[PDB]
Each structure stands twice: as structure tokens, then as C-alpha cells.
Amino acid sequence: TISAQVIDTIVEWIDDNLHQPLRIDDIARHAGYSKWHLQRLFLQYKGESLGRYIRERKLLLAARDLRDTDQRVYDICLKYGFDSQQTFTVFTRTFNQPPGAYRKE
DNA sequence: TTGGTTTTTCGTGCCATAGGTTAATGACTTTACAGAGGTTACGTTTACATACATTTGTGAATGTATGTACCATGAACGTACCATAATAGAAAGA
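Residues numbered from 1 in each chain as written, not as in the entry; some residues may be left out. Chains lettered and ligands numbered in written order. Part of a larger assembly, values for the part shown. Heavy atoms only, no water. Residues with missing side-chain atoms left out of burial classes, pairs and counts.

In the PDB archive, cryo-EM is given as the structure determination method for this entry, at a resolution of 4.2 Å.

Have a look at this one:
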């Protein structure tokens, strides 16, 4: 029990939520835990900054949609959180693996 | 000419120096419970005078008690309506 069961709710919010980005103000509210209700968790349970963990989660989620043989490549990053194609093109810094070649795999 | 690795800023995240509301046991203090002490107005126990009753003798009410000496010689002394048929009894002729 950390901050009255915030771990059991963060995962549910990440699962249920739409492609809306996750920031301090966005998740600070209906979360039931403010900035410090999340800082301790991100420091202890995860040990990684939000901008990298969210990007990794989006990449792991899109790894299946890229294999689902979808022709609308521009909408793949949009349906998962990346509001722009250039920002998602994160993939170069993470995998150094072609968008298209991976999409071909 | 186009995709992707490399690099630098920059707002954002993590760490550290400051300074204030407010949990701690307490010390409170206030209310409640526990201690004896003088006073009140009864409740039980006791003696004493007078009263209804109940216990005695005495004057009247009834009640059996034995008899009355001219002559009195049998009757119901006034009852009563008379229905109808099963079962025996004492005799009489069969």
C-alpha cells in the first residue's frame, strides 16, 4: 500500500485511456494522487522518467499494429498517442530500425 | 534526392537549502464519585381509664298431670258411577 493504492489504478488508467498524452496536469487530477503521489512511485517502482516510459509503452503497443498489416502508417502513431509523425519517427533513437523495414517484418 | 545516425538546446524532472501547521505523550483543569457529621420526624413498645359484652339470680307463661259417681248396651250413617280387553283362578259337565 503506497499512497492508498495508486499502483492498482495507474495501470488501469493507462490501459483504459485513449491516445491522450500523459502529463503532470493531465494525470494529476482524476488520478486521486498529485505530483508527489506519482514522483515517489516513478522513483521507486519504475526508476525512469515519464517521457521515456510512455514512449516505450507506445512503441511496445505499436509493435503489434505494425505487424497487423495496416496500410495507413500515418494513423498508427496517432491512434496510440504520438500527435505528430516526426516525433514518432523516437523510433530512430530507440530501435535505429527502419519504420518501413520493421513494418515489412 | 530521400532515409537515418549524430548532436545540442530547453523545458521538465530530480535533489537540496530554507521555513511553517500540526501529529505527540504529557499537565491541565473541571466534573463526578466517595468520605463523615448534625438534624428531622416518624415507628414500635409501654401504662392507664372507661365500655360492650357476657355471666348470674328473680318474677311471670304454659303443661302435662289424675278424675268427675239416676240411666245411656251391634253397623256401615252417607260414600259411587256402571270405560276396555291379556291372564289366571274356582267349578261344571264332557
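## Let's talk about the protein's contact with DNA strand B
Stated precisely, the cut-off is as follows: The rule for a residue being near a molecule or strand is that one of its heavy atoms must lie within 4 Å of it. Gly is put with the polar residues, along with every residue not named as nonpolar or charged; the nonpolar set is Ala, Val, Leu, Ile, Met, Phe, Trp, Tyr, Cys and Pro, and the charged set is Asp, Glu, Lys and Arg.
Within the structure, DNA strand B sits among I24, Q39, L43, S49, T92, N96, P98 and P99. Backbone atoms, meaning sugar and phosphate, make up 81% of the atoms of DNA strand B lying within 4 Å of the protein. Grouping the amino acids of the surface near DNA strand B by side-chain chemistry returns four nonpolar, four polar and no charged.

## Here's the deal with the packing of aromatic side chains
What counts is decided by this rule: Centres within 6.5 Å make a pair out of two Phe, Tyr or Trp rings, where for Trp the six-membered ring is used; the pair is then stacked when the planes are under 30 degrees apart, edge-to-face when over 60, and tilted otherwise. Relative accessibility decides the category of a residue: with a 1.4 Å probe and only protein chains considered, values under 20% of the type maximum give buried, values over 50% give exposed, and everything between is partly exposed. Ring-over charges, as used throughout, are those where CZ of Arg or NZ of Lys falls within 6 Å of the ring centre and within 35 degrees of the ring normal.
The tally for this structure, following the rule as stated, stands at five aromatic pairs. Look at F95 and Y102: their rings are 6.1 Å apart centre to centre, the planes differ by 40 degrees, and that puts the pair in the tilted class. Relative accessible area serves as the criterion here: at 32%, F95 is assigned to the partly exposed category. Through pairs of rings, three or more aromatic residues link up here, namely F82, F88, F91, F95 and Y102. Directly above the ring of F42 sits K46, whose terminal nitrogen or CZ lies 3.8 Å from the centroid.

## Details of the nonpolar core
Put simply, the rule reads: Each nonpolar core is a collection of buried residues, namely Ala, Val, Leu, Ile, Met, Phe, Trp, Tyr and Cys, held together in the definition by side-chain atoms within 4.5 Å. Secondary structure elements are taken from DSSP: a helix is a run of H or I of four residues or more, a strand is a run of E of two residues or more, and numbering for both begins at the N terminus. Whether two residues are in contact is decided by their heavy atoms: any pair within 4.5 Å suffices.
Core analysis: the largest hydrophobic core is formed by ten residues, namely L59, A62, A63, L66, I76, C77, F82, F88, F91 and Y102. With three residues, helix α4 (residues 50–65) is the largest single contributor of residues to this core. Beyond its immediate sequence surroundings of up to four residues, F91 is in contact with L59, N96, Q97, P98, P99 and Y102.

## Notes on the side chain of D65
To be explicit about the condition: Counted as positive: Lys and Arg. Counted as negative: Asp and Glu. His and the chain ends are not counted at all. By convention in these notes, a salt bridge is any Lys or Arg side-chain nitrogen within 4 Å of a carboxyl oxygen on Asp or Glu.
Take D65: it is sitting in helix α4. Look at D65: it is buried, it has no salt bridge, and the nearest opposite charge is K79 at 7.5 Å. Dropping the residues within four chain positions of it, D65 is found in contact with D70, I76 and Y80.

## Considerations on the environment of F88
Looking at the secondary structure, you find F88 in helix α6 (residues 85–88). As a C-alpha pair, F88 and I10 span 78 residues in sequence and 23 Å in three-dimensional space. Among residues more than four places away in sequence, those in contact with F88 are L59, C77 and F82.

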